[PDB]
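K.L.:
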Amino acid sequence: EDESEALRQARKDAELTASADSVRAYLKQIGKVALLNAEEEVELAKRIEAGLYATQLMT
DNA sequence: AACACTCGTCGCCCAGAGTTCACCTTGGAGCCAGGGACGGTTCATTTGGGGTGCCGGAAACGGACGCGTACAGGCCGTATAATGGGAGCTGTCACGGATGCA
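Put into structure tokens, the structure is as follows:
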């Protein structure tokens, strides 16, 4: 079923697939990153603002 | 069936058709001689006329020259939330060989 090495190897072998169609391959590759929410996006904005400010300072 | 009359045909004889043969004239046909005027030529004028190169300049005219306007195309931004495609139709066969699995 779910545990005892039952379907994890199936998921791994599924992810290790050619997927010769480029659109399907792109969808597979885009599938590996989780969605965000309001909090995560706002602190990401804080981080990029800090990076831009530091880059301007070094310039 | 018996009986007593008038008409082509030819020759011949004399005069001219018109034709030839053969005689005198006279208007020549042209041949040349002489004299214009004449039209073709040439050369004097004769100033009536064509002519002109350039310009003051007046006006067109061709274009430059500077400066406005005009859409065409390009860049740019829109703050609720909106977080993984439809569709494709696929009856071949031969068959050599690689090829992903045996």
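Counting in full-length UniProt numbering, the first sequence runs from 206 upward without gaps. Ideal Cβ positions, reconstructed from N, Cα and C, are used throughout, including at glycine.
Check each candidate in 243, 262 and 234 and name the one with the smallest Cα separation from residue 224.
P.N.:
234
K.L.:
Tell me whether residue 233 sits in a helix, a strand or coil according to DSSP, three-state version.
P.N.:
helix
K.L.:
Can you tell me which of the three DSSP states residue 227 falls into?
P.N.:
helix
K.L.:
Give the DSSP-derived three-state secondary structure of residue 211 in the structure shown.
P.N.:
coil
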